[PDB]
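Text of the file entry-v8.pdb, holding PDB, C-alpha atoms (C1' of nucleotides):
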MODEL        1
ATOM      1  CA  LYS A 436     124.419 131.655 122.559
ATOM      2  CA  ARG A 437     128.255 131.993 122.912
ATOM      3  CA  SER A 438     128.598 130.290 119.485
ATOM      4  CA  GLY A 439     127.164 131.075 116.063
ATOM      5  CA  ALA A 440     127.763 131.237 112.333
ATOM      6  CA  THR A 441     128.530 134.875 111.324
ATOM      7  CA  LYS A 442     125.494 135.959 109.345
ATOM      8  CA  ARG A 443     125.944 138.553 106.615
ATOM      9  CA  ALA A 444     125.881 142.230 107.523
ATOM     10  CA  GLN A 445     122.526 142.785 105.811
ATOM     11  CA  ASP A 446     120.940 139.673 107.345
ATOM     12  CA  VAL A 447     120.743 141.443 110.736
ATOM     13  CA  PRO A 448     117.580 143.606 110.889
ATOM     14  CA  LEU A 449     118.378 145.314 114.238
ATOM     15  CA  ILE A 450     114.911 146.858 114.593
ATOM     16  CA  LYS A 451     112.610 143.984 113.654
ATOM     17  CA  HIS A 452     111.426 143.540 117.234
ATOM     18  CA  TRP A 453     110.310 147.180 117.259
ATOM     19  CA  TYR A 454     107.369 146.475 114.957
ATOM     20  CA  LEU A 455     106.967 142.764 115.696
ATOM     21  CA  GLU A 456     105.808 143.882 119.145
ATOM     22  CA  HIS A 457     102.893 146.225 119.701
ATOM     23  CA  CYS A 458     103.058 149.883 118.747
ATOM     24  CA  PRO A 459     103.878 152.274 121.597
ATOM     25  CA  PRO A 460     100.861 154.308 122.704
ATOM     26  CA  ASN A 461     100.206 157.967 121.908
ATOM     27  CA  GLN A 462     101.809 158.007 118.464
ATOM     28  CA  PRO A 463     100.708 159.967 115.379
ATOM     29  CA  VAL A 464      98.668 158.203 112.729
ATOM     30  CA  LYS A 465     101.532 157.888 110.249
ATOM     31  CA  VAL A 466     103.754 156.089 112.766
ATOM     32  CA  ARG A 467     100.992 153.607 113.608
ATOM     33  CA  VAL A 468     100.364 152.972 109.915
ATOM     34  CA  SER A 469     104.099 152.489 109.339
ATOM     35  CA  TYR A 470     104.214 149.879 112.102
ATOM     36  CA  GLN A 471     101.211 148.106 110.600
ATOM     37  CA  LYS A 472     102.575 148.113 107.042
ATOM     38  CA  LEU A 473     105.968 146.753 108.072
ATOM     39  CA  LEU A 474     104.245 144.027 110.080
ATOM     40  CA  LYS A 475     102.117 143.228 107.024
ATOM     41  CA  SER A 476     105.210 142.873 104.849
ATOM     42  CA  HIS A 477     106.846 140.574 107.403
ATOM     43  CA  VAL A 478     103.710 138.435 107.697
ATOM     44  CA  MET A 479     103.410 138.136 103.918
ATOM     45  CA  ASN A 480     107.061 137.088 103.749
ATOM     46  CA  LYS A 481     106.566 134.466 106.457
ATOM     47  CA  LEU A 482     103.369 133.067 104.929
ATOM     48  CA  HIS A 483     104.985 132.204 101.586
TER      49      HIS A 483
ATOM     50  CA  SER B   2      87.004 143.133 109.493
ATOM     51  CA  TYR B   3      86.597 143.565 113.251
ATOM     52  CA  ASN B   4      83.507 142.663 115.303
ATOM     53  CA  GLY B   5      81.415 142.777 112.143
ATOM     54  CA  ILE B   6      82.300 146.431 111.480
ATOM     55  CA  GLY B   7      84.118 147.601 108.370
ATOM     56  CA  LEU B   8      84.518 146.778 104.753
ATOM     57  CA  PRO B   9      86.585 143.827 103.481
ATOM     58  CA  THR B  10      89.182 146.053 101.804
ATOM     59  CA  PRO B  11      89.498 149.813 101.180
ATOM     60  CA  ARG B  12      90.384 149.179  97.524
ATOM     61  CA  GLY B  13      87.454 149.815  95.215
ATOM     62  CA  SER B  14      85.893 152.577  97.318
ATOM     63  CA  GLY B  15      86.750 156.241  97.533
ATOM     64  CA  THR B  16      87.468 155.915 101.254
ATOM     65  CA  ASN B  17      90.301 154.631 103.432
ATOM     66  CA  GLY B  18      88.115 152.596 105.768
ATOM     67  CA  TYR B  19      88.894 153.875 109.276
ATOM     68  CA  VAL B  20      85.730 153.044 111.157
ATOM     69  CA  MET B  21      85.163 155.044 114.346
ATOM     70  CA  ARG B  22      83.004 154.485 117.390
ATOM     71  CA  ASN B  23      79.649 156.250 117.289
ATOM     72  CA  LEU B  24      80.511 158.354 120.373
ATOM     73  CA  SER B  25      76.790 159.155 120.561
ATOM     74  CA  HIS B  26      75.407 155.636 121.015
ATOM     75  CA  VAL B  27      72.884 155.426 123.858
ATOM     76  CA  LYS B  28      73.959 152.483 126.025
ATOM     77  CA  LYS B  29      71.016 151.804 128.340
ATOM     78  CA  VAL B  49      50.831 128.389 151.387
ATOM     79  CA  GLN B  50      49.405 125.021 150.323
ATOM     80  CA  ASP B  51      45.677 124.718 149.635
ATOM     81  CA  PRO B  52      44.905 120.981 150.170
ATOM     82  CA  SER B  53      45.813 120.690 153.862
ATOM     83  CA  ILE B  54      45.189 116.945 153.401
ATOM     84  CA  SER B  55      48.924 116.790 152.643
ATOM     85  CA  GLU B  56      49.819 118.033 156.128
ATOM     86  CA  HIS B  57      47.272 115.651 157.682
ATOM     87  CA  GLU B  58      48.795 112.743 155.760
ATOM     88  CA  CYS B  59      52.254 113.844 156.909
ATOM     89  CA  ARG B  60      51.010 113.941 160.513
ATOM     90  CA  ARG B  61      49.581 110.427 160.284
ATOM     91  CA  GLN B  62      52.829 109.279 158.663
ATOM     92  CA  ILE B  63      54.963 110.698 161.492
ATOM     93  CA  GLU B  64      52.542 108.920 163.817
ATOM     94  CA  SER B  65      53.401 105.713 161.951
ATOM     95  CA  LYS B  66      57.112 106.487 162.398
ATOM     96  CA  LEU B  67      56.515 106.836 166.141
ATOM     97  CA  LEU B  68      54.623 103.526 165.992
ATOM     98  CA  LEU B  69      57.641 101.783 164.494
ATOM     99  CA  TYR B  70      59.854 103.499 167.080
ATOM    100  CA  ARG B  71      57.725 102.098 169.910
ATOM    101  CA  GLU B  72      57.823  98.689 168.235
ATOM    102  CA  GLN B  73      61.618  98.953 168.404
ATOM    103  CA  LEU B  74      61.282  99.865 172.092
ATOM    104  CA  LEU B  75      59.029  96.822 172.569
ATOM    105  CA  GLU B  76      61.694  94.656 170.929
ATOM    106  CA  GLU B  77      64.246  96.061 173.385
ATOM    107  CA  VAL B  78      61.866  95.245 176.252
ATOM    108  CA  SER B  79      61.545  91.728 174.820
ATOM    109  CA  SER B  80      65.337  91.393 174.849
ATOM    110  CA  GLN B  81      65.314  92.516 178.489
ATOM    111  CA  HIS B  82      62.664  89.876 179.224
ATOM    112  CA  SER B  83      64.781  87.219 177.499
ATOM    113  CA  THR B  84      67.803  88.202 179.595
ATOM    114  CA  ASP B  85      65.672  88.117 182.757
ATOM    115  CA  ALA B  86      64.346  84.653 181.886
ATOM    116  CA  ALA B  87      67.887  83.433 181.196
ATOM    117  CA  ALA B  88      68.992  84.776 184.586
ATOM    118  CA  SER B  89      66.049  83.015 186.246
ATOM    119  CA  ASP B  90      67.019  79.776 184.490
ATOM    120  CA  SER B  91      70.597  80.169 185.733
ATOM    121  CA  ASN B  92      69.201  80.601 189.259
ATOM    122  CA  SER B 114      67.877  82.434 173.137
ATOM    123  CA  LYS B 115      65.588  85.350 172.247
ATOM    124  CA  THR B 116      61.966  85.677 173.358
ATOM    125  CA  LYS B 117      59.166  88.192 172.847
ATOM    126  CA  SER B 118      57.680  90.241 175.680
ATOM    127  CA  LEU B 119      54.120  90.776 174.424
ATOM    128  CA  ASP B 120      52.766  89.154 171.271
ATOM    129  CA  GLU B 121      49.416  90.968 171.184
ATOM    130  CA  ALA B 122      48.875  93.080 174.346
ATOM    131  CA  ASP B 123      51.067  95.669 172.650
ATOM    132  CA  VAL B 124      48.301  95.950 170.051
ATOM    133  CA  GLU B 125      45.819  96.931 172.780
ATOM    134  CA  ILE B 126      48.152  99.568 174.197
ATOM    135  CA  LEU B 127      48.721 100.619 170.567
ATOM    136  CA  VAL B 128      44.966 101.115 170.151
ATOM    137  CA  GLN B 129      45.037 103.119 173.379
ATOM    138  CA  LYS B 130      47.711 105.359 171.851
ATOM    139  CA  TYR B 131      45.533 105.603 168.728
ATOM    140  CA  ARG B 132      42.675 106.881 170.888
ATOM    141  CA  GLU B 133      45.130 109.271 172.546
ATOM    142  CA  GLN B 134      46.328 110.747 169.269
ATOM    143  CA  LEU B 135      42.770 110.989 167.928
ATOM    144  CA  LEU B 136      41.941 113.024 171.030
ATOM    145  CA  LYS B 137      45.032 115.122 170.305
ATOM    146  CA  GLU B 138      43.908 115.832 166.735
ATOM    147  CA  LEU B 139      40.375 116.648 167.911
ATOM    148  CA  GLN B 140      41.785 119.090 170.469
ATOM    149  CA  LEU B 141      44.021 120.636 167.800
ATOM    150  CA  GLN B 142      41.080 121.047 165.407
ATOM    151  CA  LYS B 143      39.044 122.655 168.197
ATOM    152  CA  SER B 144      41.928 125.028 168.956
ATOM    153  CA  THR B 145      42.099 126.197 165.329
TER     154      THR B 145
ATOM    155  CA  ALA C 291      91.673 142.217 111.339
ATOM    156  CA  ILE C 292      92.926 142.707 114.895
ATOM    157  CA  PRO C 293      92.977 146.517 115.260
ATOM    158  CA  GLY C 294      96.742 146.589 115.761
ATOM    159  CA  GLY C 295      97.616 144.172 112.974
ATOM    160  CA  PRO C 296      97.747 144.037 109.189
ATOM    161  CA  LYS C 297      94.841 144.028 106.757
ATOM    162  CA  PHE C 298      94.828 141.829 103.650
ATOM    163  CA  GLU C 299      92.507 140.902 100.797
ATOM    164  CA  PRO C 300      89.623 138.509 101.518
ATOM    165  CA  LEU C 301      91.242 135.407  99.922
ATOM    166  CA  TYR C 302      87.690 134.020  99.712
ATOM    167  CA  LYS C 303      85.092 136.100  97.866
ATOM    168  CA  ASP C 304      82.498 133.294  97.623
ATOM    169  CA  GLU C 305      79.830 134.611  99.970
ATOM    170  CA  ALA C 306      77.087 135.559  97.500
ATOM    171  CA  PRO C 307      73.528 134.472  98.310
ATOM    172  CA  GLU C 308      73.585 131.627  95.760
ATOM    173  CA  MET C 309      71.574 129.578  98.257
ATOM    174  CA  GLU C 310      69.121 132.522  98.579
ATOM    175  CA  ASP C 311      68.036 131.082 101.957
ATOM    176  CA  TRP C 312      68.811 131.848 105.607
ATOM    177  CA  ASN C 313      68.794 128.073 106.356
ATOM    178  CA  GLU C 314      66.757 128.762 109.557
ATOM    179  CA  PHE C 315      69.967 127.939 111.453
ATOM    180  CA  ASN C 316      71.563 131.206 112.612
ATOM    181  CA  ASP C 317      68.259 133.043 113.080
ATOM    182  CA  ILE C 318      67.604 135.093 116.212
ATOM    183  CA  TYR C 319      64.492 132.993 116.894
ATOM    184  CA  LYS C 320      66.445 130.103 118.404
ATOM    185  CA  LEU C 321      69.626 131.661 119.805
ATOM    186  CA  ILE C 322      70.588 132.808 123.296
ATOM    187  CA  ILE C 323      72.381 136.162 123.274
ATOM    188  CA  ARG C 324      74.688 136.582 126.268
ATOM    189  CA  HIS C 325      77.878 138.250 124.994
ATOM    190  CA  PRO C 326      78.855 139.184 121.431
ATOM    191  CA  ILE C 327      81.274 136.855 119.665
ATOM    192  CA  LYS C 328      84.291 139.070 119.039
ATOM    193  CA  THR C 329      86.880 138.285 116.385
ATOM    194  CA  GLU C 330      89.462 137.550 119.077
ATOM    195  CA  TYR C 331      87.455 134.389 119.712
ATOM    196  CA  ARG C 332      87.331 133.570 115.999
ATOM    197  CA  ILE C 333      91.132 133.856 115.872
ATOM    198  CA  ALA C 334      91.818 132.096 119.169
ATOM    199  CA  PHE C 335      89.571 129.090 118.417
ATOM    200  CA  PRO C 336      89.175 129.166 114.631
ATOM    201  CA  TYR C 337      87.507 125.758 114.323
ATOM    202  CA  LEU C 338      84.766 126.331 116.922
TER     203      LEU C 338
ATOM    204  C1'   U D   1      76.658 149.684 135.118
ATOM    205  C1'   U D   2      83.206 152.067 134.079
ATOM    206  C1'   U D   3      87.118 153.021 128.886
ATOM    207  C1'   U D   4      89.399 152.747 124.316
ATOM    208  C1'   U D   5      91.660 151.362 119.972
ATOM    209  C1'   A D   6      90.763 150.473 113.156
ATOM    210  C1'   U D   7      93.641 156.065 108.441
ATOM    211  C1'   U D   8      93.187 153.334 100.141
ATOM    212  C1'   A D   9      96.201 156.496  97.298
ATOM    213  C1'   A D  10     100.846 158.730  95.121
ATOM    214  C1'   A D  11     104.830 157.976  88.146
ATOM    215  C1'   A D  12     106.921 157.107  83.286
ATOM    216  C1'   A D  13     107.030 155.800  77.773
ATOM    217  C1'   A D  14     103.870 155.334  73.182
ATOM    218  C1'   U D  15      98.989 156.609  71.335
ATOM    219  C1'   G D  16      99.517 162.499  71.071
ATOM    220  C1'   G D  17     101.045 165.776  67.571
ATOM    221  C1'   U D  18     107.667 170.542  63.412
ATOM    222  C1'   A D  19     104.320 163.328  58.623
ATOM    223  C1'   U D  20     107.495 162.083  54.860
ATOM    224  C1'   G D  21     110.698 160.674  50.036
ATOM    225  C1'   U D  22     114.319 162.161  47.177
ATOM    226  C1'   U D  23     119.328 163.123  46.296
ATOM    227  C1'   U D  24     127.953 163.809  42.915
ATOM    228  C1'   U D  25     131.201 159.970  36.340
ATOM    229  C1'   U D  26     138.878 156.528  36.198
ATOM    230  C1'   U D  27     140.454 154.462  30.645
ATOM    231  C1'   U D  28     136.281 151.873  25.150
ATOM    232  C1'   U D  29     138.211 151.929  19.163
TER     233        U D  29
ENDMDL
END
Would you mind writing the file out in structure tokens?
Amino acid sequence: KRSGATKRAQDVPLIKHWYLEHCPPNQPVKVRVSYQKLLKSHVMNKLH
Amino acid sequence: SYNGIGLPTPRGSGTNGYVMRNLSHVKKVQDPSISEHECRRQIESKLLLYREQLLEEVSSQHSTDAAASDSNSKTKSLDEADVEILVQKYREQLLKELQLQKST
Amino acid sequence: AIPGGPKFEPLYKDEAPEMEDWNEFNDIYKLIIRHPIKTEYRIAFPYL
RNA sequence: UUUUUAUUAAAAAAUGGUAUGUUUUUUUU
């Protein structure tokens, strides 16, 4: 950009792209489920 | 929920879903020769029209020769004698087909 | 549900056999099977 | 004919278990 509007400190997720993308391979079941649940919450937020 | 496999939602059942692959699925001449004779007579007719074209060329040569003689339009070389030599060729090809039938 | 993505509730539970008939439309009798129609197709081209 | 991937949950109050109701004034003439 080089120009912006100074969002609030809590309006910066910093790891959203980690679960918006695909899950890395060879992960335990709980990590995969965590990725899926966070993606579900984001999708539900975006839908409404 | 995926390729027709699974339940709509895990809620309401004692399970968590989690479908798995089966891992044990077993994935396994011509009879009426009159056609050829008709084709032969038809190619004979094509040769007949070819020789009529040749006769027309000969008629053009005759017209040029007559024009040269006059110097010293378009005319026809033979109006009907070509039909007699045509009948001679008919006799010739009938002899050919007789010889071919005898050979077979 | 794409196997990497979220799972929700049906949002449409009206699929009971109230018609009680197969409509002689989707029957195997008059259908050419070449490749199975995966859900990726149903998500890529939802209207077809 | 070669390969797969899919993982619900989950704790607190009242019902529910030492009911409850009572209980001390400064003037007569």
- Task: Select all residues from chain A having any atom no more than 8 Å from an atom of chain C (counting only C-alpha atoms, ignoring ligands), output as a ChimeraX atom specification.
- Result: /A:457-458,471-472,474-475
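With only C-alpha atoms (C1' of nucleotides) as the basis for measurement, D:7 is the residue among D:7, D:23, D:29, D:15 that approaches chain C most closely.
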- Task: Identify all residues satisfying the PyMOL selection byres ((chain C) within 7 of (chain B)) in the given file; provide them as a count of residues only.
- Result: 6
Assuming the chain letters and numbering stay as they are in my file, what does the PyMOL selection byres ((chain D) within 12 of (chain A)) actually select? List them as a PDB file with C-alpha atoms (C1' of nucleotides), keeping the file's coordinate frame.
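Wrote selection.pdb, looks like this:
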ATOM      1  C1'   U D   4      89.399 152.747 124.316  1.00  0.00           C
ATOM      2  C1'   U D   5      91.660 151.362 119.972  1.00  0.00           C
ATOM      3  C1'   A D   6      90.763 150.473 113.156  1.00  0.00           C
ATOM      4  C1'   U D   7      93.641 156.065 108.441  1.00  0.00           C
TER       5        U D   7
END
- Message: I need the output of the PyMOL selection byres ((chain B) within 8 of (chain D)) for this file as a ChimeraX atom specification; which residues are they?
- Response: /B:11-12,14-21
Edge lengths and centre, in Å to one decimal, as JSON: that's what I need for the box along x, y and z that holds all listed atoms of stretch 8-24 of chain B plus 6 Å on each side.
{"center_x": 85.0, "center_y": 151.1, "center_z": 107.8, "size_x": 22.7, "size_y": 26.5, "size_z": 37.2}
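Taking atom CA of residue C:305 and atom CA of residue C:326 as endpoints, the distance between them is 22.0 Å.
Between atom CA of residue B:119 and atom CA of residue B:69 the separation is 15.2 Å.
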- Item | d(atom CA of residue B:144, atom CA of residue B:54) in Å | 17.8 Å
- Item | Local residues around (106.8, 144.5, 112.6), at most 7 Å away, using only C-alpha atoms (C1' of nucleotides), as a PyMOL selection string | chain A and resi 451-456+470-471+473-474+477
